[PDB]
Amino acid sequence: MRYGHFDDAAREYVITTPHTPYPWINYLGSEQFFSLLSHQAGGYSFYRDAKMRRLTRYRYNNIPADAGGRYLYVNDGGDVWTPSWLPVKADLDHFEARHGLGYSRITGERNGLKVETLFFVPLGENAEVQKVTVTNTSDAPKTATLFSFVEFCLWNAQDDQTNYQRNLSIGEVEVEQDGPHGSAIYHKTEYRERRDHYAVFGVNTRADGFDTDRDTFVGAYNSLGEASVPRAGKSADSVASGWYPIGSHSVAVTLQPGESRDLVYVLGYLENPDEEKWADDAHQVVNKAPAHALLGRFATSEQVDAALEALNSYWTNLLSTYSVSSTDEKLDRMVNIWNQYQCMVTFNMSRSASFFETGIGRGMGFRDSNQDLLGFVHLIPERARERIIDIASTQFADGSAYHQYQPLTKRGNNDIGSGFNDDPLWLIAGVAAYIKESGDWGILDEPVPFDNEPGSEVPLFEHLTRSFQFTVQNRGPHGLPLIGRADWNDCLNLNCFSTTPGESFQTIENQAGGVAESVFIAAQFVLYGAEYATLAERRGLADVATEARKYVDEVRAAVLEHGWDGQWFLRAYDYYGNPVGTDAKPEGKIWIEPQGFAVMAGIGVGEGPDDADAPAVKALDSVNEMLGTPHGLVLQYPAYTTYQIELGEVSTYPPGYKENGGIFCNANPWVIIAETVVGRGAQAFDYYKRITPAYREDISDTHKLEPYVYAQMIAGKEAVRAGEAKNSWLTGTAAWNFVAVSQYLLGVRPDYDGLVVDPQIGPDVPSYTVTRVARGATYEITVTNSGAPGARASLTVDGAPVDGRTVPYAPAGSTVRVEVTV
């Protein structure tokens, strides 16, 4: 059961019906201006920050879902329809939506008129451009009137949705029917006061009519599907004063048989300097100069086409760093196109704004943006470098950090909680990934403030020291790191004990004292603490490095001595020192996070995959047996069936959802990587397939959400909805699966001084070639892979055998030809 198909050649997912299981969206824009666009044109646009500068209005939990967005009502003979199907839902002769890289096309045809709209955000522009092609597909001349529609948001999305007592009186527009390139509407709410920015909605023709008042265009008592103006066949030329500003133009079109016409529409974000805000001395008329400029940049079809081609070439360049050619077209399209595109989206969006995240409370996460860098550093390392400096600037002098920052201002806030004790080490992970990818050791000398405070700058390396020493100096009675509010699992809140509803577990005040410790953070510390030691060694700091490796040794030993339950790693100790994630308890016996992470860190790894005695093997067998399902690995088993006061939010989910028995996808890749470490390629690859979009496309009707991107959660076996996803697009799962597949399964992974080539994928991919650009050289990596259990590669480079699996980095302009035998 499928609603579409992948088009690899066009780098598109083609949706062949309006009637998907749920709205399926694309993101347009990769720089500072973003649009969410569903396959029914639903969604919204924002500049830098979805909460603070949201241009256009979108209703979450609408009835029906996704009724609202960028509509073009066609009136042909009194019949009104939209090519996006919603909101009018007229029967279409033909419908198709293609979601591509930074653009989508939606096409609807009815009664001899085909209307195709290309939507995209052009490079270097803070604007969503639409090119509409209307074609007369009948054998007689046709006429119709097209009515564009977008509903503006009053910038601050939180105020827009809750502060009507003020905001129904502040909506302001200007209307310019006869501008330099066509007609434009300006949405300028609050430009009278503190905003130096306004929006424009314009078209490259002189429109017959316009409307700026929603209530007049739609009509009293009517939904969008029943809009009065398009049914009457004539705009009302409404000029809004408060209430609900919109942008709408009417355009009369006439077409000979087989003839088409292109219209270009632009939604743009403009700023003026304070000294030039106004066209008039009375300060009532906005200075339209930047809007006129933008509209002249997209005044013709040739301009749109040229910008769409520049975007296509930009994607080709971005995707040229890592690619694979294998026997498996599903694996290839993920590695080559979709997983990398999704890593761009998560880099830009963090967990802020999707069709599930509402673009209000959540900004750029400290943990989330570090995990995202893992899968992003090969794509645009300069932008990764800058994101590291932004993130690190929100860290405090003691090594702890704001959990997230406001994207518009880059200042940290406590809006979704504070004191998550895994956050500091994630900074080490992101910088080490960055340095291995780029060889830019100089980033460690970059001056970086604490909490953006002028004069507080220290080199970025010293921030890593603060992160490292935060964990060293905050260990509990077993020598494991204190958990604080929660670790990577936000719902494991051991210092909470809340019995009173009203406040989120993520923000509620926690109690001081206790001895709550995390095995997860212990594993994270052994893994990334070893990276910090290497960075210190490279900087000549022999005493810092030696001491660092000693602490890493103590914590590893603490995990084996006090974090081991017998057949799997313990999860935590609670506030009173009682173990969590032990077979001694009836529920929450085994939790996935320490099994994946401890083994990734090398803890408990013995002689080989068939060392029965090794703790890593026992842990992974337990995972397989107790957490394994056909849709992936659940977070813990059994789920909790009653509220456990001492554990916080985790048991408040019904069993099989989110952190209580859900398949929490971000943790799956840790087990996939763990299995490659022990030498079980076939098992690692099997788990990759269970959660990976291209492999789940055939069950589109079960997964429900986009078949082309990872989601945060799939409902687990304990859920009546087992198999169904929530929270698509915005998840650490995108970066960490990209890591897993590109670096551990396919095995091509940068290290500080060379490229490790260490395939561990099992027999289902018996040969493949990776082309990898690293440190200015191209490595063509040809793999013959028996998939024999535990077998690891030997290499020949440019015809000479080499020792080991690391190819020392070659000087730039090389093609290095690596032949791999597994």
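Sequential numbering from 1, following the sequence displayed.
- Comparing the deposited coordinates for 2-10 and 812-820, the stretch with the larger average C-alpha B-factor is 812-820.
- Mean CA B-factor, 729-737 versus 547-555: the higher value falls on 547-555.
- Comparing the listed residues 123, 90, 713, 127, the entry records the largest Cα B-factor for 90.
- Ranking 743, 143, 165, 510 by Cα temperature factor from the entry places 510 first.
- Placement of the Cα temperature factor of residue 359 within the chain: lowest third of the modelled residues, per the deposited record.
- In the PDB entry, a CA B factor belonging to the lowest third of its chain's modelled residues is recorded for residue 47.
- In the deposited entry, the Cα temperature factor of residue 32 sits in the middle third of values across the chain's modelled residues.
- Among all modelled residues in this chain, the alpha-carbon of residue 792 has a temperature factor (C-alpha) in the highest third.
- In the deposited entry, the Cα temperature factor of residue 41 places it in the lowest third of its chain's modelled residues.
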